[PDB]
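Now for the letters of each chain:
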Amino acid sequence: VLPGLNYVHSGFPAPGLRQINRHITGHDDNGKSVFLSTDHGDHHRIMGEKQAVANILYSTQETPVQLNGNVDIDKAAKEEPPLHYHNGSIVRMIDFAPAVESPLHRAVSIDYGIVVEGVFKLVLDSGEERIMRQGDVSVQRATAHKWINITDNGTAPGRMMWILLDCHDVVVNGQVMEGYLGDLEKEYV
Amino acid sequence: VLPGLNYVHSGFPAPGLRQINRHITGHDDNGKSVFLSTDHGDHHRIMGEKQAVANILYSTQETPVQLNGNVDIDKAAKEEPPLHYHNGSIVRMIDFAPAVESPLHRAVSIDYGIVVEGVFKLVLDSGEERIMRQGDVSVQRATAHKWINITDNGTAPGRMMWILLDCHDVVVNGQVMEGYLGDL
Amino acid sequence: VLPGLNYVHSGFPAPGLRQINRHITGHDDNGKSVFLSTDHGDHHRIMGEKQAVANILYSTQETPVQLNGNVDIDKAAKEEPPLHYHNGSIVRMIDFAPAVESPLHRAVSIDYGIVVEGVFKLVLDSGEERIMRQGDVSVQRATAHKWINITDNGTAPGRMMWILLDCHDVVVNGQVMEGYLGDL
Amino acid sequence: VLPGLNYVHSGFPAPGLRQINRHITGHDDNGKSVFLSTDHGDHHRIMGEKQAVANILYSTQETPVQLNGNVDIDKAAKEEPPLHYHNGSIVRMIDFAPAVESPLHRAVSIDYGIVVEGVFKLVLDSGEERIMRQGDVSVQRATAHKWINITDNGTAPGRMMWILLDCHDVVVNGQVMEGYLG
Amino acid sequence: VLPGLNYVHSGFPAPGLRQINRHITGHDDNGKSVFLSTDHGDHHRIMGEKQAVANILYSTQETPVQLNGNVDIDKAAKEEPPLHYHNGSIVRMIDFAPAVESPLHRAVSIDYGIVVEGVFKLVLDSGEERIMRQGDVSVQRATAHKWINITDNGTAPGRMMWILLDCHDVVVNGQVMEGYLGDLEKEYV
Amino acid sequence: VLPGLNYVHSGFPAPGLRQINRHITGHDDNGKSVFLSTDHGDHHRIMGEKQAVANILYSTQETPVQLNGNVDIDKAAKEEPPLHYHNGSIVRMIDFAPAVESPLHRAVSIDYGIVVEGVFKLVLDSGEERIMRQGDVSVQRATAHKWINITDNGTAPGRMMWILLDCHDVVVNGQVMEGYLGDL
């Protein structure tokens, strides 16, 4: 019995989770600050056997970010970003079906994670774990981890949000700690 | 009478809001991923007349981030960051006392904002406004803006979180839109 | 200014409200009771200027209900039902944008209503009114009424669910109280 | 050992669940739509060894419903309805004590069910199941089933509401699927 | 318009508020500690025009309390208690209909109060005021005050609990701050 | 492993629970009722290996309480109170870390306890148990017991509040039911 099989029958948001509002601000051609768009995000991707849906709320591809000509908005909208942009950022929101586990993986990236709804178990490859509840924040520094939805004893969906930044390769005793994705590689090709 | 006057009496968290847990992961000498610390953030700063309190959960000063020797941790904890870091990031959580309202201002920054708890009204300098409830996200693109806590008709506290990133100067029709800190 | 202009930007569900699961049971080869469908409902209809979205959870067009060969399933899915079915039922769920309110209307219908999420004001053409919160239940006996979403002082979406049954024309003082659809 | 033994100690509502409002509208003598009632429902019945309590919010005994002279209100309040009405409807609300199970049963009836509070498990006679959280909707088409209240790992109460309508008898492979009460 | 007119149609609890569980413990004839009762409280009382309902969870009429022979249980169930007991305690829970105000009054007793559900406003005779949300605690030291239910802009019910203990008379510069109940004398003894 | 080991890293409130407002009223020099203080309680005390934290909201030391000259306020602030006060009262609030248990103990006092947030299990020395959810009240009459935090399957913090009053020694079969603190 695979957890969360076919739970996500309508893309984002997953059943039991609220639809969201993404506001994007900008400047008109008279210098006034205006609201450019209100939507449900972008680049909704169904993951696993319909066990989770991802939602890319924004992305940047350069540092510092160029906002003139609304170039940043169109680079974010015209292409589905990969796991992680070099010298840039991605804001990734994921809806988890009940009891759904992500594979133990490592992205070479510093990742600010915040639980938006539910309870999540952050497990590392050393066995160490932390239970993270709503509002809890993590600073994942290119470490090997897996995320586990444990909301209501594995019967409720949960939602998490990540802001992924670029990092240099972590070296420990002259050895580069290599990034790997396991079963998550099929979800970003 | 000033909104939120002497509401925050014990720093972070503000009355009515929950204490947080911040987890920072790292690497041990053998090469396994380990949890380096669990705490309530860093560099708490009272704002206004005890009308708010800020919480700096992390910050980076270069891109790509240098993680070796835990130097990112050291820089993040050594000194309180300014409004915004060139070629870097800041995670800033803020608790608002009831009905507390920020000054109209512009930071030359792109800001990812999420409403962690409460109901906030985002006001831009053109009068355009959007009410933001828990879970709603904004991409503030170097815009002159104002944040208003309106949770439960101005009787409850609210909490926001921003991730502030470095951007180039926004130039509209030849004129640099310069950022002002302002005051109400 | 319209109460909910362009709030519902992605159909059902409305922003701030949860996606649902609709489960339909049935019988298989050898008379085992099984699940036939788990979906988001059927017959989504944007109402107003994206001020509301309606969801038809189920409907029947006859009494008693004919279930053999799954004909009630086919009828319920093959065509979007009207306001109400003669000799039938409709399970219609509606999401209201903030402060959105229905026009003063009458249906020749006995409607069971339950507030699923939010707070609503039910006003009759007499002026009498009642505030209904979650779990509260209404039996509208072919009366002329309004529904006003008032959740969080007009800043939060709400959701109602109705079961609409057919009824005979109500007659007062020899007058048939004619149903009218008001504005919408 | 019994899941909800002696939990419901004051009728409706059960400990941990909210008291409700039921509003019934009607017409006065000059045609104005007015409110006739505000109460806690009707025909409250304790079930089992005080493991649950039912609340009948309304019922109709004919289709289409006859509203004139308020004879429907009279019929709905004068006698406790049975499990279901022929050519009729019943709105039944049930507060489940923690972990309380419903017996495996079948009624010849189409039931619209909505979780009002808590988390329930819907098990059918073939073993298949679906977990239903607040706001989820089920259409029970004369199938054999049970309801298990699993709210907060069996330590919290939950509340369901059903609208039971009449159906024709279900025949599969020439056999009429009989009802039973387990 | 009377704020909570005919809102409490079925006594305790008020519509929109939860029925409760009061557990009372004691000792068996063998010295082991046991649960003596589980119920919805005692001495339910409708206040005003079905505008509120009180629920007296327990009371004591002596200091220190005598628990032998269960005489404190019988004394608490035998009579409905007055506003406050001399040399004793009263745990009074009150369900407020939406927007219901208590009258300005002064009970000569120190009252611990906690908001159980909703948002209440505590206004004092000088006009000073505090908004009290679920979880907040007030220590009422024989002051003249009034409680206002403002839950969800006066459209939702709320619930307060109090523990009323005996105090001496408050004397300010020779003057006795005398008790008075205003409109609330209707609802006691 | 020890439940809640090092969970409460920043005193009161524990991570996951809200900061509180304690309001104390009194009289000014003219005889008007005014608010004397708005704070987070008093006498915060960590318990166990950072597994819980207690917050003494108020206390009295005499019956009836003396309030003139604010003597009761001073007596409540100047000393951290013991387990219970003779002829007096203690309002004790305690924040439990996930899955945290108190030892089987007896205090010779009558305790008015309410669940502020979470779910607790009250186990008595006879093995009988009750599950108490938010808003439920217990009257403890000098009985041997223990408190278990079972909030969200042992993974969430909980909060109780007691009011302890003095009581005469309980005698059962000519033997005094001695109080004891216990050892896990």
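Numbering of residues starts from 1 on every chain and follows the written order of that chain's sequence, so it may differ from the entry's own numbering; residues lacking coordinates are omitted. To read the labels, note that chains go from A and ligands from 1, taken in the order they are written. Just so you know, side-chain values use all the structure's heavy atoms and leave hydrogens and water out.

1. Points about the interface of chain A and chain C
As a reminder, the rule being used: Residues are treated as being in contact if the distance between any of their heavy atoms lies within 4.5 Å. Values labelled buried area give the accessible surface lost by two parts on being combined, using a 1.4 Å probe and summing over both. Within this document, salt bridges are pairs made up of a side-chain nitrogen of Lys or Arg and a carboxyl oxygen of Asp or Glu, the two lying within 4 Å of each other.
Every contact between the two is made by 16 residues of chain A and, on the other side, 16 residues of chain C. When the two sides are added together, the surface that chain A and chain C hide from each other amounts to roughly 1200 Å², 46% of it contributed by carbon and sulfur. If you sort the residues of chain A by the area they bury against chain C, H9, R18 and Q19 of chain A come out on top, with a joint share of 48%. Seen at the junction of chain A and chain C, the total is two salt bridges.

2. Describing helix α1 (residues 71-78) of chain C
Test applied: Relative accessible area decides the class of each residue, using a 1.4 Å probe on protein chains only: under 20% of the type maximum gives buried, over 50% gives exposed, and in between gives partly exposed. Secondary structure counts use DSSP, requiring at least four H or I residues in a row for a helix and at least two E residues in a row for a strand, with both numbered from the N terminus. The directions considered for the arc are those from the helix axis to the C-beta atoms.
Every buried residue of α1 of chain C is listed here: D72, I73 and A76 of chain C. All buried residues of α1 of chain C fall inside an arc of 105° around its axis, so they share one side. Along its buried surface, α1 of chain C packs onto β1 (22-27), β2 (33-39), β3 (42-47) and β4 (52-60) of chain C together with β6 (109-117) and β9 (137-141) of chain D.

3. Quick word on the pairing of strand β4 (residues 52-60) of chain E
All names here are of chain E. We apply this condition: In this analysis, strands are considered paired if DSSP registers two or more bridges between them.
Most of β4 is tucked away: nine of the nine residues are buried. As paired elements, strand β3 (residues 45-47) and β4 share three bridges and run antiparallel to each other. The residue bridging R45 from the neighbouring strand is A54, located in β4. Hairpin connection between β3 and β4: a loop of four residues separates the two successive antiparallel strands, and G48 in this loop has a positive phi of roughly 70°. Direction of pairing for β4 relative to strand β5 (residues 89-96): antiparallel, over a ladder of eight bridges. Residue pairing for β5: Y58 is matched across the bridge by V91.

4. Describing the packing of aromatic side chains
Rule in force here: Two rings from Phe, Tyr or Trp (for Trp, the six-membered ring) form a pair when their centres are within 6.5 Å of each other. A pair whose planes differ by under 30 degrees is stacked, one over 60 is edge-to-face, and the rest are tilted. A ring is considered to have a charge above it if a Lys NZ or an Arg CZ atom is located within 6 Å of its centre and within 35 degrees of its normal.
This structure, assessed with the given rule, holds 23 aromatic pairs over all chains. Taken together, the ring pairs in this structure connect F96, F120, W147 and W162 of chain A into an aromatic cluster. A cation over a ring is seen here: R130 of chain C above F35 of chain D, with NZ or CZ 4.6 Å from the ring centre. Its end group placed over the ring of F35 of chain F, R130 of chain E keeps NZ or CZ at 4.5 Å from the ring centre.

5. Some thoughts on the interface of chain E and chain F
So the rule is basically this: Any pair of N or O atoms that falls within 3.5 Å is considered a polar contact. Within protein, one atom must be able to donate a hydrogen and the other to accept it, and sequence-neighbouring residues count only if both atoms are side-chain atoms. Classes in brief: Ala, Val, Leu, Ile, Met, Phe, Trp, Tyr, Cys and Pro nonpolar; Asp, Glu, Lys and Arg charged; the others, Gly included, polar.
Each partner contributes residues to the interface: chain E has 73 residues there, and chain F has 72 residues. Taken together, the two surfaces of chain E and chain F that pack against each other cover about 6000 Å², and 59% of this comes from carbon and sulfur. On the surface where chain E and chain F come into contact, there are two salt bridges. A salt bridge links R141 of chain F to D72 of chain E; its shortest N-O distance comes to 2.7 Å. Remark: the boundary between chain E and chain F carries 47 residue pairs in polar contact. Per element, the largest residue contribution to the side of chain E that touches chain F is six residues, and it comes from strand β1 (residues 22-27) of chain E. In terms of residue class, the side of chain E that touches chain F is made up of 33 nonpolar, 25 polar and 15 charged.

6. Topic: the pairing of strand β2 (residues 33-39) of chain D
When strand β1 (residues 22-27) of chain D meets β2 of chain D, the two strands line up antiparallel, connected through six bridges. Bridging across to β2 of chain D, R22 of chain D finds its partner in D39 of chain D.

7. As for the sheet that holds strand β8 (residues 129-133) of chain F
Residues and elements named next belong to chain F. Quick reminder of the rule: Comment: axis = line fitted to C-alpha atoms, over the contacting stretch for helices; angle = value between 0 and 180 degrees taken between N-to-C directions.
Spatially, β8-β7-β10 is the arrangement adopted by the three strands of the open sheet, whose pairing is antiparallel. Only two strands of the sheet have a single partner each, and these edge strands are β8 and β10 (145-149). Averaged over all neighbouring strand pairs, the angle between strand axes comes to 25°, with direction disregarded. Note: strand β7 (residues 119-124) against β10, five bridges, orientation antiparallel. Across the sheet, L124 pairs through a bridge with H145, a residue of β10.

8. Examining the pattern of salt bridges
Enumeration according to the criterion identifies 50 salt bridges over all chains in this entry. The partner of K121 of chain C in a salt bridge is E129 of chain C, and the shortest N-O contact between them spans 3.7 Å. Owing to a relative accessible area of 36%, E129 of chain C belongs among the partly exposed residues under this scheme. Where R159 of chain F meets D95 of chain F, a salt bridge forms, and the shortest distance between an N and an O atom there is 2.7 Å. Here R159 of chain F, found in strand β11 (residues 158-166), pairs with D95 of chain F, found in strand β5 (residues 89-96); they are 64 residues apart in sequence, far enough to count as distant. Judged by its relative accessible area of 0%, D95 of chain F is buried.

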